[PDB]
8 protein chains.
Amino acid sequence: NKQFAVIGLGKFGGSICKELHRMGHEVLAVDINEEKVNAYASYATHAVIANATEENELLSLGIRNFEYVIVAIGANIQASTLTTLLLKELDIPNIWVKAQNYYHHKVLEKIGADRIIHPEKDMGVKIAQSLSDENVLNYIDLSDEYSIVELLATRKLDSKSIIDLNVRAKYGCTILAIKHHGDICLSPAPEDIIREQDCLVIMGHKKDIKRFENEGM
Amino acid sequence: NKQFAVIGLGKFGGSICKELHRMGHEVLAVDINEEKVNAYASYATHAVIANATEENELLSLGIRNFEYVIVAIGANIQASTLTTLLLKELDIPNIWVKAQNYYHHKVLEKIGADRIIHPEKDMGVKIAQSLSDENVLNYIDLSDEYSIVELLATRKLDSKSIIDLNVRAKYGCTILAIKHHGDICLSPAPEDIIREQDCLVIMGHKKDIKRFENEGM
Amino acid sequence: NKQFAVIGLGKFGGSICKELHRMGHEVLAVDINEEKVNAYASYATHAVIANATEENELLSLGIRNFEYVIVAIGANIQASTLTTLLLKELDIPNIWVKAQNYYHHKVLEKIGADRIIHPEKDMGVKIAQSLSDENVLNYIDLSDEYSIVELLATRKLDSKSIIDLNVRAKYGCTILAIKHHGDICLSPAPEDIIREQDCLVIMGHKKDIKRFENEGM
Amino acid sequence: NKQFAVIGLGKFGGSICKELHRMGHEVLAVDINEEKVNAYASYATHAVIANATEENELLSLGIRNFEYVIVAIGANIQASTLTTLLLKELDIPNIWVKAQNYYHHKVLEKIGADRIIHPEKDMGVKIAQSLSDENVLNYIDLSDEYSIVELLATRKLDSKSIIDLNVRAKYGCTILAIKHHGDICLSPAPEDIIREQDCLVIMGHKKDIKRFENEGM
Amino acid sequence: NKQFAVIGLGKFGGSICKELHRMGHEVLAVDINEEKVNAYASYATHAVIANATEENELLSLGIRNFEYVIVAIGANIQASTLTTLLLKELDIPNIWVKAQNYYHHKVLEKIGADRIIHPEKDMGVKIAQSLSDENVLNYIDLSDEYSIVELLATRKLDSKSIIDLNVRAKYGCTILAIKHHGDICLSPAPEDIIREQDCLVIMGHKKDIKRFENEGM
Amino acid sequence: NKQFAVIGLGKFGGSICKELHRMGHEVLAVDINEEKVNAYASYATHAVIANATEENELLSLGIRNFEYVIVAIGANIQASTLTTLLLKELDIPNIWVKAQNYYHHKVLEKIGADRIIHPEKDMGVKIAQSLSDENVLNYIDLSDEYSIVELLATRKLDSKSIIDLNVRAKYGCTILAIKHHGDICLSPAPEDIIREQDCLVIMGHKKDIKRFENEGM
Amino acid sequence: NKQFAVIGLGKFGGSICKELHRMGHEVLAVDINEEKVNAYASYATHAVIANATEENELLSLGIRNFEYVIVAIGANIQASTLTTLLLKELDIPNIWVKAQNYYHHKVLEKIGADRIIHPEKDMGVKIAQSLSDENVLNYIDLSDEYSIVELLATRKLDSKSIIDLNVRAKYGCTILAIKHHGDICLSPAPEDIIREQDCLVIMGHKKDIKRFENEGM
Amino acid sequence: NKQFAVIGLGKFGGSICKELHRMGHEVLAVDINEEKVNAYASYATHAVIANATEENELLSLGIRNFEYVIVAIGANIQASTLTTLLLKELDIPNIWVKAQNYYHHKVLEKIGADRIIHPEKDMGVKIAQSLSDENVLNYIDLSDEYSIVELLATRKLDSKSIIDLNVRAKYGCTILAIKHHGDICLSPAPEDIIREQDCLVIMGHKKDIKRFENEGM
Ligand SMILES: Nc1ncnc2c1ncn2[C@@H]1O[C@H](COP(=O)(O)OP(=O)(O)OP(=O)(O)O)[C@@H](O)[C@H]1O
Ligand SMILES: Nc1ncnc2c1ncn2[C@@H]1O[C@H](COP(=O)(O)OP(=O)(O)OP(=O)(O)O)[C@@H](O)[C@H]1O
Ligand SMILES: Nc1ncnc2c1ncn2[C@@H]1O[C@H](COP(=O)(O)OP(=O)(O)OP(=O)(O)O)[C@@H](O)[C@H]1O
Ligand SMILES: Nc1ncnc2c1ncn2[C@@H]1O[C@H](COP(=O)(O)OP(=O)(O)OP(=O)(O)O)[C@@H](O)[C@H]1O
Ligand SMILES: Nc1ncnc2c1ncn2[C@@H]1O[C@H](COP(=O)(O)OP(=O)(O)OP(=O)(O)O)[C@@H](O)[C@H]1O
Ligand SMILES: Nc1ncnc2c1ncn2[C@@H]1O[C@H](COP(=O)(O)OP(=O)(O)OP(=O)(O)O)[C@@H](O)[C@H]1O
Ligand SMILES: Nc1ncnc2c1ncn2[C@@H]1O[C@H](COP(=O)(O)OP(=O)(O)OP(=O)(O)O)[C@@H](O)[C@H]1O
Ligand SMILES: Nc1ncnc2c1ncn2[C@@H]1O[C@H](COP(=O)(O)OP(=O)(O)OP(=O)(O)O)[C@@H](O)[C@H]1O
Ligand SMILES: [Mg+2]
Ligand SMILES: [Mg+2]
Ligand SMILES: [Mg+2]
Ligand SMILES: [Mg+2]
């Protein structure tokens with residue numbers, strides 16, 4: 001198993017920490033706030049109150065031993081930067097960091113952060129795609145032009161067959177799965193039917209999917 | 001003429017707003033802080049300084065015209081709650097709200113929020129899946145048991161064929177796409193090759209995909 | 001005996017608590033402030049310093065055991081709401097709450113508060129009726145139209161008899177009691193006399209009482 | 001032309017003011033906070049931003065014209081005290097003041113407050129009487145020993161007659177009114193019936209009424 | 001000996017306390033601030049940290065035992081008033097208090113303060129008399145019209161005799177003493193001489209002294 | 001045309017200023033707080049809002065014209081010090097300053113303050129002399145050993161004569177004046193009488209006066 | 001036409017700015033605090049209130065025209081860092097920055113600061129050399145081993161000659177100048193005399209100079 | 001060895017302290033802040049948390065024993081002044097102090113400070129000379145007119161000989177040393193060569209050096 005250290009138990013770092021622990025990884029949870037440590041005590045291997053900008057407190061944690069250190073300190077950009085800097089001077093292999101704004105990203109780039117993350121910004125985009133198009137539940141982008149989309153089927157599609165909805169020739173797309181009442185269907189045959197309020201997973205060019213949406217559903 | 005309003009220009013609400021505007025929608029940006037309003041002025045149809053807990057200022061915005069209002073107020077849970085309440089009493093069709101913790105989600109549920117979002121929590125999970133398994137670039141869950149995953153191909157897969165990597169019989173999975181040097185390939189034929197550092201899109205059972213990772217790549 | 005828990009020892013909750021204890025009920029007084037607990041220590045069965053928004057501290061009090069929980073937290077609406085929410089998730093039979101404004105009342109309604117109280121507002125109305133009409137000492141409303149009123153008798157009524165003041169036929173009212181020098185007279189006979197500065201208790205339609213007041217006294 | 005002024009638009013002073021205005025009296029609303037003044041502007045003849053501890057601002061209001069001034073300043077005991085003092089030195093006939101604690105009552109007493117009110121304390125007692133005895137809706141005390149009480153009739157009293165519920169001989173009390181489905185009955189005849197969930201108004205000794213509750217209903 | 005308690009060790013109360021102790025009186029020094037108590041520990045019989053508004057802490061000091069209690073609390077008028085009120089309810093014979101402004105004096109009057117003092121105001125007047133008239137070192141007023149004045153002798157008076165300066169007939173005044181080089185002369189004979197920069201003590205009507213000053217010196 | 005300026009309208013500086021104005025002198029009132037300036041506007045020739053630590057604002061006042069400047073700044077020792085320094089560097093003839101503690105006196109001494117005053121300390125001593133000896137109304141010290149004292153005559157002295165109270169031989173003191181019912185008597189003859197509650201002005205050695213108090217009155 | 005801009009008018013940035021202006025250079029003074037700007041207005045070509053972390057305000061200054069920008073922001077490390085970053089992204093040739101601590105120096109290094117200065121640290125060293133050795137007035141280091149030092153000549157050297165103080169052979173040092181009563185002598189001849197309290201400028205090895213001090217002077 | 005006490009461990013005092021300790025002197029480090037003491041604990045003989053304005057804490061340190069006390073307290077001018085004052089009243093031989101502004105210097109002068117220092121201001125000037133003239137690395141002033149300068153040699157001087165650059169006759173200057181690749185050359189002969197990017201140390205009149213710079217390099 002790998003060993004992870006997560007500094008900053010916010011909504012983000014807390015989630016990261018809780019989720020890794022659930023996977024059975026050795027995870028060290030670190031926060032300057034005692035109430036936070038108490039909160040996540042139950043969801044990590046070790047939970048320690050510590051100020052990560054204090055180099056002596058850092059050595060006490062033995063943070064040099066970890067292959068992954070996740071800096072999820074947000075509001076205090078000085079703490080985030082200074083922590084990252086210390087971690088870099090300690091030759092930690094992979095240092096992942098949560099960023100607050102463009103300029104925070106840049107300094108983190110310059111001082112040797114390995115992966116920089118913008119949780120809210122990324123989700124904002126995802127959610128906006130949903131707001132604009134009530135049909136989309138979730139999606140993943142293969143590139144700027146191609147995507148896999150999970151659609152909420154309407155009445156227009158009720159009792160329609162996959163061959164009846166020819167997307168491979170008509171729209172250059174392919175249906176990958178159907179989810180009905182919780183039961184899942186993968187790579188359905190040309191004879192398989194779709195009913196309304198099912199989850200329909202389609203793959204193809206974005207504009208072509210939007211076209212299938214406007215005309216098909 | 002659909003109209004979206006975004007109250008609270010944080011990292012989350014800001015992204016949504018900026019993103020909605022980019023798609024060419026009518027978007028109203030709203031914040032109590034003037035500096036925020038000045039900032040997103042360039043990324044919205046209209047931007048207005050306003051306190052969203054004040055019913056009068058709310059009516060003044062012409063909020064009646066909007067079908068969607070996104071409450072992206074974070075730190076101040078009271079402001080978020082009261083805003084949602086006011087919006088609900090003004091009979092706004094769809095109210096989407098950013099939640100801070102479990103209990104904030106509960107009250108928003110009870111006072112009639114139409115969609116509740118936890119951006120940081122959701123990305124924390126996603127990022128953790130990446131941390132444990134450096135191979136995963138991005139993924140989407142079809143159900144509790146099934147997922148679609150985009151993998152960064154290793155040397156073990158370099159110059160290997162789709163039939164050579166028999167996954168449909170060997171692992172019960174199916175390859176959906178290959179991305180090489182930027183060029184994209186959909187529903188690749190049995191003869192198609194994979195090169196190292198390409199993107200490979202695989203669909204199947206979570207456990208079966210992970211097995212392919214351990215043994216296949 | 002029933003068991004009561006009172007969270008928030010303000011002027012209101014303090015009064016509630018002190019008065020119940022005087023009646024010989026098992027009452028638990030709860031406040032986050034130590035000085036408050038010390039103040040009401042002498043007026044409750046148990047007095048405990050506790051933060052009622054902390055679910056663990058709540059379970060420690062054993063608050064699930066109580067049939068009545070009175071939330072008399074005022075200034076901090078977030079604390080009041082969150083406390084009520086926790087109490088509801090603990091399936092407490094009767095949760096009574098002090099409200100700060102209209103919108104605070106609404107959320108408390110929505111999250112399952114059983115009785116909501118506005119001590120100041122109710123008293124404001126009562127006192128205003130006194131300010132407008134110096135004759136009224138106290139009253140109770142039977143409905144929007146009918147009331148029982150305690151009047152301070154003037155000189156105009158000095159040495160007048162109940163039959164001399166025919167209210168049952170002249171004003172459609174009835175005299176219920178006379179209080180003289182502290183001595184009380186209930187359901188006085190037609191021959192009983194009233195002297196000035198006595199307390200006179202009359203029942204009837206509000207406008208009819210006001211008429212008795214304008215013309216009679 | 002009686003003139004009332006209300007200084008301090010809290011929940012208490014606000015209610016009074018709003019209520020006085022509703023009765024069609026000349027009312028002046030006064031507060032140091034502008035937002036409060038804007039709020040009760042709609043519920044007063046005139047509303048003025050003013051600091052009531054400033055003698056000059058006080059004279060500017062034309063406070064000389066008012067016969068009644070209500071000091072509903074709460075948190076800031078110094079402001080309340082100083083205001084009352086100033087009003088007294090300006091020879092205002094009637095000064096009613098909201099008290100925070102025993103000692104605030106004492107000083108207001110000594111510096112010549114005409115009426116001192118403890119809204120929260122008074123309602124706390126009232127509400128406690130309701131808590132212990134779910135039957136009591138509202139009541140009024142005639143003396144330390146005698147009271148008039150409005151009861152919510154139970155099934156034990158459903159379809160029972162006034163003579164059947166002989167209370168004048170059995171409990172030494174008298175029934176004053178019955179409220180059924182909204183309809184009101186005053187001084188009901190011996191043949192009048194009571195149905196469940198009706199309101200029953202009883203007069204007598206506190207102990208005698210409570211006995212009727214235990215045995216009668 | 002008498003027993004004194006001094007609450008509030010400011011410049012004033014500190015001076016009072018230090019000076020009484022020097023006279024060999026039993027003095028209790030009281031302050032809420034620990035650093036103050038430490039400062040005056042060396043200048044009082046007993047020095048105790050205490051909040052004088054807390055009735056229990058007051059009884060612990062045994063403050064009922066003292067014939068004199070000096071309230072020298074200044075900035076916090078609420079503390080000063082409330083302390084005085086408590087002391088009065090404890091039937092303390094002589095309660096002397098330091099006042100901040102006219103209205104503070106009035107309430108202190110009303111709640112039964114025995115002597116009220118304005119140290120700065122009184123000194124301001126004294127010093128102003130010095131500023132206007134550089135000749136006056138110190139003085140005492142016998143009434144609005146008569147005074148005893150200590151003057152700094154100028155050159156105009158050098159080598160002048162008391163008979164040479166006839167003040168009893170010319171100005172209706174009398175010389176009471178001469179201070180030369182530190183040596184003091186009381187009730188000097190008509191033959192006694194005054195030299196410059198001596199201290200000359202004169203008694204008479206104020207205007208007459210000013211006249212002696214303008215014309216004589 | 002003498003000109004006085006008073007910087008710092010505290011209780012001390014305010015009194016001086018008000019008092020100087022009353023004597024008909026040209027007085028300039030100066031304070032950083034606008035509310036203070038508005039207050040003493042009525043009690044000064046001119047009143048100006050100004051920060052006295054700012055050399056420019058100081059010159060703007062035309063402070064060059066003043067022969068006397070009184071620094072009555074208290075709480076902020078830095079402001080007092082810096083003001084005095086600036087005044088001294090602007091070659092103001094006489095700078096009188098209010099001191100907060102021993103060390104503030106020392107620095108003001110070193111930076112050339114012309115007179116240093118400790119109003120509270122000085123009155124504390126005076127008041128203490130009154131506390132120990134209720135007989136003393138007011139007094140003035142001629143030296144370390146000699147004083148002039150105004151006594152409130154007791155019954156022991158009622159209706160007694162000056163020769164009957166032989167103090168010049170018996171106690172080595174001399175009676176300087178008698179004040180009866182407001183009427184004043186200077187250098188009273190041997191036949192003059194003293195009545196109770198009169199004011200008696202005695203001069204002599206401190207110890208001799210105190211003896212007369214113990215034995216004489 | 002070289003243009004210098006100084007952001008942050010602290011003791012350091014202020015001196016630079018004032019000094020650059022004195023040499024007759026085009027200098028722009030920049031600070032977020034208005035009072036600072038008003039102060040150095042007289043010592044700069046132009047002085048502008050501006051927040052230097054705001055890219056827009058920065059462009060508005062015409063900062064593109066400047067070849068040198070000095071960041072003399074101290075307490076707020078974030079402001080200093082962000083300013084430097086912005087300047088670097090605006091392609092300013094030379095960015096000199098004042099550092100607060102080791103780590104601030106490191107980040108400024110990484111984000112491309114052209115010169116980093118530690119004024120206080122550098123003077124601390126210099127002053128310490130003066131403290132240990134009262135003889136040294138000022139010095140400059142040529143390397144880790146060699147220095148040029150200005151000494152205050154003692155009596156031991158009074159009236160002594162350069163050949164008499166043979167330092168080139170005896171101590172391996174050379175005398176570079178003598179300053180007597182203000183008059184200066186460069187590369188003095190073997191016959192030149194030194195008098196006490198003159199300034200003597202010596203060059204050599206640090207250890208050799210110190211030896212000359214112990215034995216020579 | 002001498003004994004030094006350094007009060008105020010800032011960038012300045014910290015540097016002073018660290019540097020003296022490195023020289024092997026007995027140094028006492030003093031700061032009110034615990035974190036500071038911990039920081040410099042490793043760089044001083046004794047390190048003590050103390051408030052230097054508290055005369056008792058000062059005596060506890062035994063500060064009377066030291067020949068040198070360095071007051072390096074900056075932001076708090078009151079602390080700096082008051083400390084210096086106390087040290088002076090304790091008859092400490094040499095008290096060196098860090099100054100904040102002109103007026104702070106003046107009071108420190110007046111209360112008997114022995115040496116006053118302005119670290120930032122002095123460095124500001126030095127650095128400004130560098131900004132104006134990129135050739136100057138470092139320098140020392142012998143007087144207002146004469147200086148020793150360390151120059152960064154350009155290409156214009158590459159392979160030039162000292163005789164080729166006749167400065168003694170042409171510019172009235174003399175070359176004192178050459179630093180090449182780290183190797184140092186002192187008092188080089190007329191035949192010695194200079195290469196670019198070497199450090200060249202020249203002595204003479206300032207204007208004459210600037211002339212050598214403009215024309216020579
Ligand atoms: N110097 C530090 N050392 C350790 N932990 C720190 C330090 N500074 C801040 N933290 C922790 O970082 C955590 C998250 O930071 P914060 O909540 O301010 O950012 P945020 O963007 O609001 O985070 P999120 O969106 O994840 O809630 C906090 O729980 C805080 O205790
Ligand atoms: N009452 C209000 N009316 C309008 N806007 C508000 C109100 N209260 C807060 N805001 C705005 O909402 C925005 C987001 O709030 P905040 O930044 O505290 O949330 P956050 O949890 O940090 O969100 P993010 O993670 O997206 O930055 C802020 O820019 C703030 O100015
Ligand atoms: N989270 C909490 N847990 C327990 N007690 C709390 C909490 N928050 C506030 N309280 C308590 O609530 C009490 C009353 O609240 P507060 O006085 O602020 O409201 P209020 O309307 O002024 O009340 P009142 O009118 O009854 O005096 C306070 O004594 C406070 O200690
Ligand atoms: N000096 C003053 N002059 C005028 N108004 C004042 C002054 N001081 C306070 N007020 C106002 O008085 C009002 C009531 O005071 P506050 O809300 O603190 O009392 P409270 O005990 O909370 O009363 P309630 O329970 O009725 O809300 C406030 O709206 C406040 O703006
Ligand atoms: N509630 C209290 N109980 C006891 N001591 C108190 C209390 N409140 C204030 N004090 C004390 O009163 C003392 C003097 O008050 P303060 O200095 O604020 O008034 P001041 O007018 O500036 O006094 P002075 O002019 O005498 O210095 C302080 O030393 C403070 O500790
Ligand atoms: N820099 C300044 N320039 C002008 N006025 C000032 C300055 N600093 C303070 N003052 C004013 O000086 C006045 C007196 O100061 P302060 O009230 O703190 O002294 P104090 O010791 O309480 O004196 P007192 O006992 O006479 O009230 C205040 O009214 C204040 O507004
Ligand atoms: N964001 C900003 N934009 C412009 N100026 C700023 C900004 N932040 C701070 N300053 C200014 O920079 C100046 C210097 O900062 P500060 O005084 O905190 O540093 P310091 O370490 O005390 O420096 P010094 O020792 O030179 O006084 C201040 O006068 C301040 O007004
Ligand atoms: N009363 C005091 N007694 C002892 N130390 C003190 C006292 N007051 C302040 N100090 C210390 O003085 C030190 C330096 O002061 P400060 O940093 O405020 O000035 P500065 O000019 O910013 O200093 P520098 O430029 O040297 O960093 C601080 O470490 C602080 O703890
Ligand atoms: Mg966030
Ligand atoms: Mg209340
Ligand atoms: Mg004072
Ligand atoms: Mg500094």
# chains A, B, ... in the order shown; residues from 1 in each chain; ligands from 1
$ residues_around --residues "residue F:128" --least-positions-apart "6" --cutoff "10 Å" --atoms "only C-alpha atoms" --output "list in words"
residues 13, 15, 16, 17, 18, 19, 20, 21 and 23 of chain E; 134 of chain F
$ residues_near_ligand --ligand "ligand 8" --cutoff "8 Å" --atoms "only C-alpha atoms and all ligand atoms" --output "VMD selection string"
(chain G and resid 75 100 120 to 121) or (chain H and resid 7 to 14 30 to 33 36 49 to 54 72 to 76 79 to 80 83 98 100 120)
$ write_last_selection --atoms "C-alpha atoms" --output "mmCIF file, in the first residue's frame"
data_model
loop_
_atom_site.group_PDB
_atom_site.id
_atom_site.type_symbol
_atom_site.label_atom_id
_atom_site.label_comp_id
_atom_site.auth_asym_id
_atom_site.auth_seq_id
_atom_site.Cartn_x
_atom_site.Cartn_y
_atom_site.Cartn_z
ATOM 1 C CA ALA G 75 4.484 43.270 6.515
ATOM 2 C CA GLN G 100 11.072 39.529 5.187
ATOM 3 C CA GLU G 120 17.644 45.094 8.473
ATOM 4 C CA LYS G 121 19.595 41.843 8.436
ATOM 5 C CA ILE H 7 15.864 43.604 23.465
ATOM 6 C CA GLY H 8 13.584 43.050 20.466
ATOM 7 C CA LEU H 9 14.398 40.132 18.186
ATOM 8 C CA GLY H 10 13.254 41.516 14.866
ATOM 9 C CA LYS H 11 15.018 41.215 11.550
ATOM 10 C CA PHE H 12 17.433 43.850 12.858
ATOM 11 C CA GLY H 13 17.944 42.737 16.486
ATOM 12 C CA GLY H 14 17.884 39.136 15.393
ATOM 13 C CA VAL H 30 15.038 39.398 25.018
ATOM 14 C CA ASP H 31 11.573 39.441 23.458
ATOM 15 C CA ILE H 32 8.026 39.677 24.745
ATOM 16 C CA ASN H 33 6.955 37.081 22.169
ATOM 17 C CA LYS H 36 10.696 34.785 18.848
ATOM 18 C CA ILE H 49 10.732 35.910 27.405
ATOM 19 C CA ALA H 50 10.209 39.308 29.020
ATOM 20 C CA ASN H 51 8.346 42.591 28.797
ATOM 21 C CA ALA H 52 11.082 45.187 28.898
ATOM 22 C CA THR H 53 8.759 47.980 30.024
ATOM 23 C CA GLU H 54 8.120 46.179 33.302
ATOM 24 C CA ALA H 72 15.671 46.959 18.637
ATOM 25 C CA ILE H 73 11.952 47.434 19.310
ATOM 26 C CA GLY H 74 10.406 49.005 16.232
ATOM 27 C CA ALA H 75 6.644 49.132 15.697
ATOM 28 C CA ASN H 76 5.768 50.030 19.272
ATOM 29 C CA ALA H 79 7.651 50.381 24.254
ATOM 30 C CA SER H 80 10.941 51.523 22.658
ATOM 31 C CA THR H 83 12.390 50.793 27.685
ATOM 32 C CA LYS H 98 16.604 51.489 16.542
ATOM 33 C CA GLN H 100 11.230 54.634 13.485
ATOM 34 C CA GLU H 120 16.249 50.862 6.488
#
$ closest_residue --among "G:137, G:35, G:195, G:28" --to "chain F" --atoms "only C-alpha atoms"
G:35
$ select_by_dssp --residues "stretch 44-215 of chain B" --states "helix (DSSP H, G or I)" --output "PyMOL selection string"
chain B and resi 55-60+63-65+77-89+102-110+119-132+155-157+206-215
$ residues_around --residues "residue B:152" --least-positions-apart "4" --cutoff "7 Å" --atoms "only C-alpha atoms" --output "ChimeraX atom specification"
/B:135-137,197-200
$ write_last_selection --atoms "N, CA and C atoms" --output "PDB file, in the first residue's frame"
ATOM      1  N   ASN B 135      -3.171   5.633 -12.890  1.00  0.00           N
ATOM      2  CA  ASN B 135      -3.580   5.325 -14.259  1.00  0.00           C
ATOM      3  C   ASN B 135      -4.861   6.052 -14.678  1.00  0.00           C
ATOM      4  N   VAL B 136      -5.747   6.338 -13.725  1.00  0.00           N
ATOM      5  CA  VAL B 136      -7.045   6.893 -14.094  1.00  0.00           C
ATOM      6  C   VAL B 136      -6.938   8.405 -14.319  1.00  0.00           C
ATOM      7  N   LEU B 137      -7.400   8.842 -15.480  1.00  0.00           N
ATOM      8  CA  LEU B 137      -7.366  10.251 -15.825  1.00  0.00           C
ATOM      9  C   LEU B 137      -8.686  10.897 -15.419  1.00  0.00           C
ATOM     10  N   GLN B 197       1.407   6.075 -23.488  1.00  0.00           N
ATOM     11  CA  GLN B 197       0.952   7.441 -23.218  1.00  0.00           C
ATOM     12  C   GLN B 197      -0.275   7.856 -24.049  1.00  0.00           C
ATOM     13  N   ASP B 198      -0.932   6.891 -24.693  1.00  0.00           N
ATOM     14  CA  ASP B 198      -2.221   7.138 -25.337  1.00  0.00           C
ATOM     15  C   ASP B 198      -3.315   7.096 -24.291  1.00  0.00           C
ATOM     16  N   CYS B 199      -4.496   7.597 -24.642  1.00  0.00           N
ATOM     17  CA  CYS B 199      -5.656   7.493 -23.763  1.00  0.00           C
ATOM     18  C   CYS B 199      -6.537   6.381 -24.266  1.00  0.00           C
ATOM     19  N   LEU B 200      -6.878   5.504 -23.342  1.00  0.00           N
ATOM     20  CA  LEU B 200      -7.668   4.333 -23.614  1.00  0.00           C
ATOM     21  C   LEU B 200      -8.950   4.450 -22.794  1.00  0.00           C
TER      22      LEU B 200
END
$ residues_around --residues "residue H:212" --least-positions-apart "2" --cutoff "10 Å" --atoms "only C-alpha atoms" --output "MDAnalysis selection string"
chainID H and resid 165:167 170:173 202 206:210 214:217
$ write_last_selection --atoms "C-alpha atoms" --output "PDB file, in the first residue's frame"
ATOM      1  CA  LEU H 165      43.818  53.171 -17.343  1.00  0.00           C
ATOM      2  CA  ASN H 166      45.753  56.028 -15.792  1.00  0.00           C
ATOM      3  CA  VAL H 167      43.434  57.231 -13.071  1.00  0.00           C
ATOM      4  CA  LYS H 170      43.729  61.484 -15.571  1.00  0.00           C
ATOM      5  CA  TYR H 171      41.039  61.256 -12.865  1.00  0.00           C
ATOM      6  CA  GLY H 172      42.899  61.803  -9.559  1.00  0.00           C
ATOM      7  CA  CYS H 173      41.840  58.334  -8.437  1.00  0.00           C
ATOM      8  CA  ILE H 202      38.650  52.395  -6.903  1.00  0.00           C
ATOM      9  CA  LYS H 206      33.031  60.972  -6.252  1.00  0.00           C
ATOM     10  CA  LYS H 207      32.643  63.174  -9.384  1.00  0.00           C
ATOM     11  CA  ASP H 208      36.036  62.038 -10.608  1.00  0.00           C
ATOM     12  CA  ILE H 209      34.982  58.368 -10.221  1.00  0.00           C
ATOM     13  CA  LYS H 210      31.711  59.080 -12.076  1.00  0.00           C
ATOM     14  CA  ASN H 214      31.297  57.734 -18.030  1.00  0.00           C
ATOM     15  CA  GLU H 215      34.465  58.007 -20.097  1.00  0.00           C
ATOM     16  CA  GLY H 216      36.528  55.023 -18.971  1.00  0.00           C
ATOM     17  CA  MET H 217      33.883  52.305 -18.679  1.00  0.00           C
TER      18      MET H 217
END
$ select_by_dssp --residues "chain E" --states "strand (DSSP E or B)" --output "PyMOL selection string"
chain E and resi 3-7+26-31+46-49+68-71+94-98+115-117+136-141+146-152+160-161+174-180+183-186+193-194+199-205
$ atom_distance --atom1 "atom CA of residue A:26" --atom2 "atom CA of residue A:1"
7.3 Å
$ closest_residue --among "H:5, H:39, H:58, H:117" --to "ligand 12" --atoms "only C-alpha atoms and all ligand atoms"
H:117
$ atom_distance --atom1 "atom CA of residue A:131" --atom2 "atom 20 (P, counted along the ligand's line) of ligand 1"
24.8 Å
$ residues_around --residues "stretch 176-181 of chain H" --least-positions-apart "5" --cutoff "10 Å" --atoms "only C-alpha atoms" --output "list in words"
residues 142, 143, 148, 176 and 203 of chain G; 148, 149, 150, 151, 152, 153, 186, 187, 188, 189, 192, 193, 194, 195, 196, 197, 198, 199, 200, 201, 202 and 203 of chain H
$ interface_residues --of "chain E" --to "chain D" --cutoff "9 Å" --atoms "only C-alpha atoms" --output "ChimeraX atom specification"
/E:77-78,81-82,85-86,103-104,106-107,110-111
